[PDB]
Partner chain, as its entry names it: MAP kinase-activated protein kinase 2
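Only one chain comes next, encoded as structure tokens, the form deposited without its partner chain.
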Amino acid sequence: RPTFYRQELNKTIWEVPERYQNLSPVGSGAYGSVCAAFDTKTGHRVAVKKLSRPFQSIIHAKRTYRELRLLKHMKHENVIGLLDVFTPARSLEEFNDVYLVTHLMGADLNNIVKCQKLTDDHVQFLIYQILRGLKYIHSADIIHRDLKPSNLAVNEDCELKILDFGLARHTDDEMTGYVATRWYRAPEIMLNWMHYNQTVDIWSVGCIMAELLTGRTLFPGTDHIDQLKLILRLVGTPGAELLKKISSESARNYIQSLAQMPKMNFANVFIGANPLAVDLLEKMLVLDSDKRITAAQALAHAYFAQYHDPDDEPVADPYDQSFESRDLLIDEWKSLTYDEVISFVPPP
């Protein structure tokens, strides 16, 4: 057990191992209560997150367990991973706080890139890395649900990591109005058309790729309905095949109230873009999710010929998420979380 020291940060007392020095509050709070630090064992600048009393309810206790399980599993160059997890408690009986440590992320895609279009070579490399990480995520049967520029960390060498695992689900209010947290969502999850699956994340990648090519948001809707109208103008109104798959009777009735429209010519929307990029966008931005390209298929598309290497695009170890359908009491979720803290093994 390391020696811990105490200091007042973010309105509470933080107690951390001596290896972490120069703690300073960082960020806006979007990912929790976070400080930047220098890790003297590894030489890295790190982010340290404190979960203060996270066993206050069944919902919070299970969410804490979920975040630790997901972060402990993710081991891929293009996905956030866990450097350390610790508690100052010496036993289960005094266990109350959890701290998580990762690499410190400087910039994201949209603080760096807002209002600006990038060169085609840059677009190839950035989208390639998103798809490489997504192939890994999907091979573990995890659905991200919230890919957007603010969740993509990027360094000076254009290297990228996917963020946002195990946090609270987004609220109705967070999704209302002229807001970036809805502009990247697939129509079937935005409007609860049907039981969705991992294909929702490929729609989001298409929206991100379009924005890197043009410098502009693809579907900047002022509300859910305005956004649906922007989507259907580009990709066309649904045919009878997809209408049958919309299990919501009320949503199906609303769709039929709209005049029918054909799919637009993407070469006349994305004027001047690499024809191979136009082709890939047509395969991602398909209304019927069953027919969208997968991450593994997209890595083999000719647009990525200068980066694709099928011997260096790994998949994940199996991820048991049977806990997600299990009902337990607060103290049982707490004991499961403690076991995962004490069993952590750091990376090489």
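Residue numbers count along the first chain shown, from 1. Basically, rigid core = biggest C-alpha set you can superpose within 1.5 Å across the two forms.
One more form of this protein exists, namely the form deposited with its partner chain bound; it is left out here, but the text below deals with it.
*Asks:* If contact means any heavy atom within 4.5 Å, which of 235-243, 82-90, 155-163, 197-205 contacts its partner chain in the entry with it bound?
*Replies:* Contact-bearing stretch, as computed: 155-163.
*Asks:* Assess the spot marked by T64, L147 and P346: is its partner chain within 4.5 Å of a heavy atom from every one of these residues in the entry with it bound?
*Replies:* No, none of the three is in contact.
*Asks:* Quick check on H60: any heavy atom within 4.5 Å of its partner chain in the entry with it bound?
*Replies:* Yes, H60 sits close enough to its partner chain in the entry with it bound that at least one of its heavy atoms falls within 4.5 Å.
*Asks:* Under a 4.5 Å heavy atom criterion, is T294 part of the interface with its partner chain in the entry with it bound?
*Replies:* So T294 does not count as contacting its partner chain.
*Asks:* Is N110 close enough to its partner chain in the entry with it bound to count, meaning some heavy atom within 4.5 Å?
*Replies:* Yes, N110 lies within 4.5 Å of its partner chain in the entry with it bound.
*Asks:* Would you check, heavy atoms only and a 4.5 Å threshold, whether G177 touches its partner chain in the entry with it bound?
*Replies:* Yes - in the entry with it bound, heavy atoms of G177 and its partner chain come within 4.5 Å of each other.
*Asks:* Going by its partner chain in the entry with it bound, which residues of 106-122 come within 4.5 Å of it through any heavy atom?
*Replies:* Residues within 4.5 Å: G106, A107, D108, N110, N111, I112, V113, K114, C115, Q116, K117, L118, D121, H122.
*Asks:* Taking the rigid core as reference, which of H122, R90, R216, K229 is displaced at the C-alpha by at least 2 Å between this form and the one not shown?
*Replies:* The answer here is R90.
*Asks:* Could you check whether the CA atom of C35 moves 2 Å or more between this form and the one not shown, using the rigid core for the fit?
*Replies:* For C35, whose C-alpha is compared between this form and the one not shown after core superposition, the shift is 2 Å or more.
*Asks:* Is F55 among the residues whose Cα moves by 2 Å or more between this form and the one not shown after superposition of the rigid core?
*Replies:* For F55, whose C-alpha is compared between this form and the one not shown after core superposition, the shift is 2 Å or more.
*Asks:* Once the core is aligned, please say if the CA of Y136 is shifted by at least 2 angstroms between this form and the one not shown.
*Replies:* For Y136, whose C-alpha is compared between this form and the one not shown after core superposition, the shift is less than 2 Å.
*Asks:* Knowing the shift is 3 Å or more, I'd like to know if the C-alpha atoms of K117 and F266 are closer or farther apart in the entry with it bound than in the shown chain.
*Replies:* More distant in the entry with it bound, by 3 Å or more.
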